[PDB]
Amino acid sequence: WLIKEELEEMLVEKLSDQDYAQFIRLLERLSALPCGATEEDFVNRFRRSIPXXXXXXXXXXXXXXXXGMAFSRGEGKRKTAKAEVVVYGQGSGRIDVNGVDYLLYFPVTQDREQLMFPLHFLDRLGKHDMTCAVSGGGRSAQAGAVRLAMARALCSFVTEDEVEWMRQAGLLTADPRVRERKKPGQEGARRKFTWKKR
Amino acid sequence: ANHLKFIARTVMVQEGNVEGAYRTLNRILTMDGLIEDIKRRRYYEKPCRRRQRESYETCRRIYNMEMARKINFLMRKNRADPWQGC
Ligand SMILES: [Mg+2]
Ligand SMILES: [Mg+2]
Ligand SMILES: [Mg+2]
């Protein structure tokens with residue numbers, strides 16, 4: 200149904216909430232009965248239509264000319280740190296980061312687990328071969344950016360169904376969480392200078 | 002004390018449920034006004050301070066009676082309304 204503002208525009212008249220409510224109530228009474236032709240037109244005046252769109256946008260794959268092989272290139276961004284991950288569809292399990300091996304670039308076990316997440320999800324763990332370039336921020340931020348980029352580059356080689364799973368696993372959604380600016384007259388953006396009653 | 006015992010204020014529990022039978026006896030005493038009287042009679046209450054109680058009670062009973070009636074009279078018209086959005 201129209202908003203209150205749209206009926207206000209249609210009649211060139213200020214309205215009250217109660218009034219709007221009364222009317223819409225009446226249009227429900229109208230829809231409640233057998234619907235004639237002019238009846239339907241009438242209620243169509245007060246009808247509007249709204250869009251809804253949900254799909255993770257699917258990149259068509261890209262077959263490289265050199266080996267004749269297909270790859271997909273993802274970009275994740277988390278918290279001062281961006282990563283790009285090219286995933287090759289036929290792998291040895293090789294995963295290279297900034298030109299060095301992923302074990303050496305993430306000596307923190309936790310990070311390697313984060314990395315393992317999408318691949319262990321899609322059971323592809325050995326199947327794929329990834330090249331990686333990441334910059335900005337500290338280690339966990341980096342491992343997470345690679346998580347996002349990878350899980351993004353992994354939806355070319357996955358089935359249309361597993362995509363909604365990765366969404367509900369929350370893999371492809373960015374982390375909105377970031378540092379909050381200190382505020383002046385305070386300490387930590389939240390933390391305040393110790394307050395004195397006396 | 003001169004009366005035969007166990008005839009007065011006696012419930013006998015049926016099918017062995019005690020709590021139910023106690024609720025029952027309680028409903029007896031409270032229906033007859035004995036609980037309000039025990040509680041009243043823990044301490045004294047002076048004659049004046051008693052007519053005040055009486056009168057406040059009886060006013061309040063009148064009000065609630067009337068208001069009840071009025072409510073149950075207007076009850077019909079609680080029905081969902083015919084003329085809406087005239
Ligand atoms: Mg702090
Ligand atoms: Mg005795
Ligand atoms: Mg009385």
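Chains as they are written, first to last, in the authors' numbering: chain I, 200 to 397; chain U, 2 to 87.
The beta carbon of each residue, even a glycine, is placed where N, CA and C say it ideally should be.
Open item on the list: For I/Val-307, count the other beta carbons within 10 Å of its own beta carbon; 16 or more makes it buried, fewer makes it exposed. Which is it?
Closed with: Classification of I/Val-307: exposed, given that the 10 Å Cβ count is below 16.
- [ ] Check whether the Cβ of residue 402 of chain I lies closer than 7 Å to any heavy atom of ligand 1, and answer yes or no.
- [x] Because chain I is modelled from 200 through 397, residue 402 of chain I falls outside the range shown and cannot be assessed.
TODO: Taking C-beta pairs closer than 8 Å, name the residues in chain I that U/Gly-86 reaches, listed in chain order.
DONE: Per Cβ cutoff of 8 Å: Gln-221, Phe-222, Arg-224, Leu-225 and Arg-228.
TODO: Taking only heavy atoms of ligand 3 into account, decide whether any of them is closer than 7 Å to the Cβ of U/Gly-17.
DONE: No, the Cβ of U/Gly-17 stays beyond 7 Å of every heavy atom of ligand 3.
TODO: Could you please give the first and the last residue of the uninterrupted alpha helix (DSSP H) stretch that includes I/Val-242?
DONE: DSSP places I/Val-242 inside the alpha helix (DSSP H), whose first and last residues are 236 to 244.
TODO: Look at I/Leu-314 and I/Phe-305 and say whether their C-beta atoms are less than 8 Å apart.
DONE: Yes, the pair counts as a contact, with Cβ atoms nearer than the cut-off.
Task: CA-to-CA distance, I/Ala-373 to I/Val-296, given in whole angstroms - done: Roughly 21 Å between the two C-alpha positions.
Task: Residue burial classification, I/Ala-231 (beta-carbon count within 10 angstroms, cutoff 16) - done: The residue in question, I/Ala-231, is exposed, as its Cβ has fewer than 16 Cβ neighbours within 10 Å.
Open item on the list: At a threshold of 7 Å, does U/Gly-34 count as lining ligand 3 (C-beta to nearest heavy atom)?
Closed with: Checking the Cβ of U/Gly-34 against ligand 3 gives yes.
Task: C-beta contact flag for I/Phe-245 and I/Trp-200 at 8 Å - done: Taking 8 Å as the Cβ cut-off, I/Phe-245 and I/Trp-200 qualify as a contacting pair.
Open item on the list: Between I/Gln-289 and I/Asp-328, how many whole angstroms is the CB-CB distance? I'm expecting something under 8 Å.
Closed with: Indeed they touch by this definition, with Cβ atoms about 7 Å apart.
- [ ] Could you say which of I/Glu-359, I/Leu-226, I/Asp-360 and I/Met-349 lies nearest to I/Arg-272 if we only look at CA atoms?
- [x] Looking at the Cα atoms, I/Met-349 is the closest of the given residues.
Task: DSSP beta-bridge partners of I/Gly-275 - done: For I/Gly-275, the beta-bridge partners assigned by DSSP are I/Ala-282.
Open item on the list: For ligand 2, is there any heavy atom lying closer than 7 Å to the beta carbon of U/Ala-2?
Closed with: In this structure, the C-beta of U/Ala-2 approaches ligand 2 to less than 7 Å from one of its heavy atoms.
Task: For I/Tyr-287 and I/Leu-371, the rounded distance between their alpha carbons - done: Rounded to whole angstroms, I/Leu-371 and I/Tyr-287 show a C-alpha spacing of 19 Å.
Open item on the list: Can you tell me whether I/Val-307 is helix, strand or coil according to DSSP?
Closed with: Of the three classes helix, strand and coil, the one that applies to I/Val-307 here is coil, per DSSP.
- [ ] With hydrogens ignored, establish whether the beta-carbon of I/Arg-228 is closer than 7 Å to any heavy atom of ligand 1.
- [x] The answer is no for I/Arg-228.
Open item on the list: Rounded to the nearest angstrom, what separates I/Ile-223 and I/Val-362 at their Cα positions?
Closed with: As the crow flies, the alpha-carbon of I/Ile-223 is around 40 Å from that of I/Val-362.
Open item on the list: My output table needs one value for I/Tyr-287: the three-state DSSP class, helix, strand or coil.
Closed with: Strand.
- [ ] Identify every residue that forms a DSSP beta bridge with I/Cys-331.
- [x] Answer is I/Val-284 and I/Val-296.
- [ ] Would you mind listing the alpha helix (DSSP H) stretches within the region 5 to 40 of chain U that are 4+ residues and don't spill past its ends, in chain order?
- [x] For the region 5 to 40 of chain U, whole alpha helix (DSSP H) runs of length 4 or above, ordered along the chain, are 19 to 33.
Open item on the list: If you reduce the DSSP assignment to three classes, tell me which class residue 417 of chain I lands in.
Closed with: An answer regarding residue 417 of chain I cannot be provided, because it is not within the stretch 200 to 397 covered by chain I.
Task: Where the alpha helix (DSSP H) containing U/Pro-48 begins and where it ends - done: Run containing U/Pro-48: 48 to 75, per the alpha helix (DSSP H) assignment.
TODO: Check I/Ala-220 in the structure and name its three-state DSSP category.
DONE: Reduced to three states, the DSSP call for I/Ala-220 is helix.
Task: Segment limits, alpha helix (DSSP H) that includes I/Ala-340 - done: Note, I/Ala-340: alpha helix (DSSP H), 338 to 352.
Task: Beta-carbon spacing of I/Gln-221, I/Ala-280 below 8 Å - done: Their beta carbons are not under 8 Å apart, which means I/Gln-221 does not touch I/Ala-280 by this criterion.
- [ ] Report buried or exposed for U/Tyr-45, applying the criterion of at least 16 other Cβ atoms within 10 angstroms of its Cβ.
- [x] With fewer than 16 other Cβ atoms inside 10 Å of its own Cβ, U/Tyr-45 counts as exposed.
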